[PDB]
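One chain comes next, on its own, written out as structure tokens in the form solved without the ligand.
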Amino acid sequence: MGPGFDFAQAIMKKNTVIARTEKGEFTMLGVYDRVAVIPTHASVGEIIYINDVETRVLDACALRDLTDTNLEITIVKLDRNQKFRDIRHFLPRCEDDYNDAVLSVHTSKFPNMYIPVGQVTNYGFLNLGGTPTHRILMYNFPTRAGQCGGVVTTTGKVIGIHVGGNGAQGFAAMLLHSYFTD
């Protein structure tokens, strides 16, 4: 409906796949080459389904900060025959607060879903499902089961992936440029 939704749609159309693990279906953001991200609670194994294609996982790493605290981001390298558009230049370099963010989801349950979530707080520490977590972004929208892995964007920036909610607020794990240097 406006430039927020336009950027979000462009990221969804070229840089997302539907990932299925034994824990469910997730929006999965492709970042560059065969490298993508997914919430760590997806419990990625040796094999994953990507748009219903059986796919070998070449490498997977659950990120933690240098305090050895969960970040809830798993980086996956996929044995896929096609590279993602490189979007690393849209990733923030530093922890920050944001205005006017969109959360976008694409699954069998929620196809072509875009939610204007508004102001995004650098929340920091969250006890996420009992697990102490750092670098959490917070927004005031009642997000639901099925939106995890959803991409959080502003105009011109890909800032996080949805990892949970409490019924009133939603929470995303930050994406930072430094995660994807090669």
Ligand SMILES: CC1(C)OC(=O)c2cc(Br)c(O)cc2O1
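In case it trips you up, residue 1 is the first one in the sequence shown, and so on.
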Tell me which stretch has the larger mean Cα B-factor in this entry, 148 to 156 or 26 to 34. 148 to 156
Averaging the C-alpha B factors as listed in the entry, name the stretch that ends up higher: 74 to 82 or 102 to 110. 102 to 110
Checking the entry, which one of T143, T55, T40, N51 has the top C-alpha B factor? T143
Per the deposited B-factor column, the C-alpha that peaks among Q9, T21, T16, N166 belongs to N166
Lowest, middle or highest third: which one holds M1 when the chain's residues are ordered by CA B-factor from the entry? highest
Consider only the C-alpha atoms of the modelled residues in this chain, order them by B-factor as the entry records it, and name the third containing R93: lowest, middle or highest. highest
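The protein also exists as the form deposited with the ligand bound; that form is not presented, and the subsequent description refers to it.
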Any non-hydrogen atom of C148 within 4.5 angstroms of the ligand in the bound PDB entry: yes
With the ligand taken in the bound PDB entry, which residues across 114 to 133 come within 4.5 angstroms through any non-hydrogen atom? none
